[PDB]
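Presented as structure tokens, the chain that follows is alone, the form deposited in one PDB entry.
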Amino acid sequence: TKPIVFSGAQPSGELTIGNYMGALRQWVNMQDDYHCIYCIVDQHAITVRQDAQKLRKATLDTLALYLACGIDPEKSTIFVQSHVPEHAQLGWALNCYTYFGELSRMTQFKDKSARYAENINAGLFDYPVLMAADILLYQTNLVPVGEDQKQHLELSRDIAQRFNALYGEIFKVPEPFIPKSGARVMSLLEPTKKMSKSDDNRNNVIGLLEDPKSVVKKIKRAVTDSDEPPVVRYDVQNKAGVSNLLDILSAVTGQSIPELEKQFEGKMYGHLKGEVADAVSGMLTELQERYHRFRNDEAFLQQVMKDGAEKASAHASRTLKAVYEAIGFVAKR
């Protein structure tokens, strides 16, 4: 049997080129090499307060976006997290092998709490324990994520090791798969602030389902530097805007930074921004064409969800049964 890949994306906000380059792109490429399981984590999404209609719609948007990106329901398991009770079940049990200190220190909790001060709920605190359960249920070997999720994974490895130490080899210990380019794509007007899918300012983001023409305009208006002469070079501390653009260019084309720097020799930010704009505009136009064919076919989405959940439940139930046996619960008949 192949090693298992597991990842998730929240059905909240609007997925960006950041979400694509740091996660989805890898998801699509791993599908034959490994046994891949992709999850729409609607249970994680409600740690920030959602309009009920927005959540339902955004869950089906996320599904259609996965399919449009090239996730193949014939190769991978695609499912919605809340359709598999084993996630919440393992999550509770895994709370009892997770320390408060491990949860208090989490950066996402801190950053989330400050932004939604009027909704610092216990789910937001306990977010990482559900995310561990998500991963450990499927005997996962690899987890393809962006750099912002590194510490959440690390806790899951500690949990898995902690549990195994007491009870034997119930879990596999997962390992991160973070891309070489575009693991943390930066905001257009704030190149020191990560690109957010729920940013107040849309001018910071390249949205995957945004009008391409609006994206070319955002790229032209992206912040650069006062360098005289203007030079296209990777200098993150001194050239964050230009660099982030060069990295976007790299990961869309597959080209190297050294190659790009060479290609833009004797040229300025006009040549740069024109090239990033052509690359990304062509990608979004193709993706969006696929997206609409999928998103408007409810019967197809419904089938994918149904088959997905069945496959996941077969894996999930097997793992939970052994967890429950280990911890000493009377087994259900």
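Heads up: residue numbers just count along the shown sequence, starting at 1. Take the two forms, find the largest set of C-alpha atoms that superpose within 1.5 Å, and that set is the rigid core.
Undergrad: Report the stretch with the higher mean CA temperature factor, choosing between 81 to 89 and 170 to 178 on the basis of the entry.
TA: Result of the comparison: 170 to 178.
Undergrad: Would you tell me which stretch averages the higher CA B-factor in the PDB entry, 300 to 308 or 281 to 289?
TA: On average, C-alpha B-factors are higher across 281 to 289.
Undergrad: Given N204, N121, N141, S76, identify the residue with the highest C-alpha B factor in the PDB entry.
TA: Within the set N204, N121, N141, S76, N204 shows the top C-alpha B-factor.
Undergrad: Which one of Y34, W27, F264, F294 shows the biggest C-alpha B-factor in the PDB entry?
TA: Highest C-alpha B-factor among the listed residues goes to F264.
Undergrad: Looking at the entry's B-factor column for C-alpha atoms only, identify whether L137 ranks in the lowest, middle or highest third of its chain.
TA: CA B-factor rank for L137: lowest third.
Undergrad: Taking the C-alpha B-factors as the PDB entry records them, is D126 in the lowest, middle or highest third of its chain?
TA: It belongs to the middle third of the chain when residues are ordered by C-alpha B-factor.
Undergrad: Should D235 be placed in the lowest, middle or highest third of its chain by the C-alpha B factor in the entry?
TA: According to the entry, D235 has a C-alpha B-factor in the chain's highest third.
Undergrad: Grab the CA temperature factor for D200 from the record and place it in the lowest, middle or highest third of its chain.
TA: It falls in the top third of the chain.
Undergrad: By the recorded C-alpha temperature factor, relative to the other modelled residues in its chain, which third is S156 in?
TA: Middle third - that is where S156 ends up once the chain's C-alpha B-factors are sorted.
Although not depicted, the form deposited in another entry is the subject of the following passage.
Undergrad: Any idea which of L94, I78, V145, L142 has its C-alpha shifted 2 Å or more between the shown form and the other one with the rigid core fixed?
TA: The answer here is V145.
Undergrad: Tell me, please, whether between the shown form and the other one the C-alpha of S198 is shifted by 2 Å or more, with the rigid core used for superposition.
TA: For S198, whose C-alpha is compared between the shown form and the other one after core superposition, the shift is 2 Å or more.
Undergrad: Rigid core fitted, is the C-alpha displacement of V173 between the shown form and the other one 2 Å or more?
TA: Where the cores coincide, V173 shows only a C-alpha shift between the shown form and the other one that is less than 2 Å.
Undergrad: Would you say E275 moves between the shown form and the other one, meaning its CA shifts by 2 Å or more once the core is fitted?
TA: Yes, because once the rigid core is superposed, the C-alpha of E275 moves 2 Å or more between the shown form and the other one.
Undergrad: If the CA atoms of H44 and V185 move by 3 Å or more in the other entry, do they move toward each other or away, so closer or farther than here?
TA: So the answer is farther.
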